[PDB]
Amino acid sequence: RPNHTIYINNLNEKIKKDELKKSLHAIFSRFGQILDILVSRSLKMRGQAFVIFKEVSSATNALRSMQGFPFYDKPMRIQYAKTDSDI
C-alpha cells in the first residue's frame, strides 16, 4: 500500500501552478527530501498534487502528520499513490 509519492486531493484550484508547488514544498519539506512535486491544472489534474519523497518513511509521516490540514482555506486529503513511475 505505501509509496514514495503522496496523492494530495481537494486543493484550491485558483492557486497558480508556481505558488502551488512552492507552498507544497514549503510545507512538506520538513518530512524528508523531495525529488519533484507534480502539479498540473488540466481538467483531469485540477485540485491535485503528487509529492515524491526520497524515502517512503518520510512519505508515511507526511501523510499521517498532515491529513486534513487546512491549506488555502481548504482541507488537504492525503492518500498514497496507486502506482509510481520515475524513481
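One rule holds for the numbers: they count along the sequence shown, beginning at 1. Between two forms, the rigid core is the largest collection of C-alphas that superpose within 1.5 Å.
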*Superpose by the rigid core: which stretch, 78-86 or 1-9, shows more Cα shift in 6 other deposited structures of this protein?*
78-86
*Of the two stretches 77-85 and 2-10, which shows the higher Cα B-factor on average in the entry?*
77-85
*Sorting the chain's CA B-factors, does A49 end up in the lowest, middle or highest third?*
lowest
*Ranked by Cα temperature factor within the chain, is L24 in the lowest third, the middle third or the highest third?*
lowest
*asked:* Looking at the temperature factor on the CA atom of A59, which third of the chain's modelled residues does it land in?
replied: highest
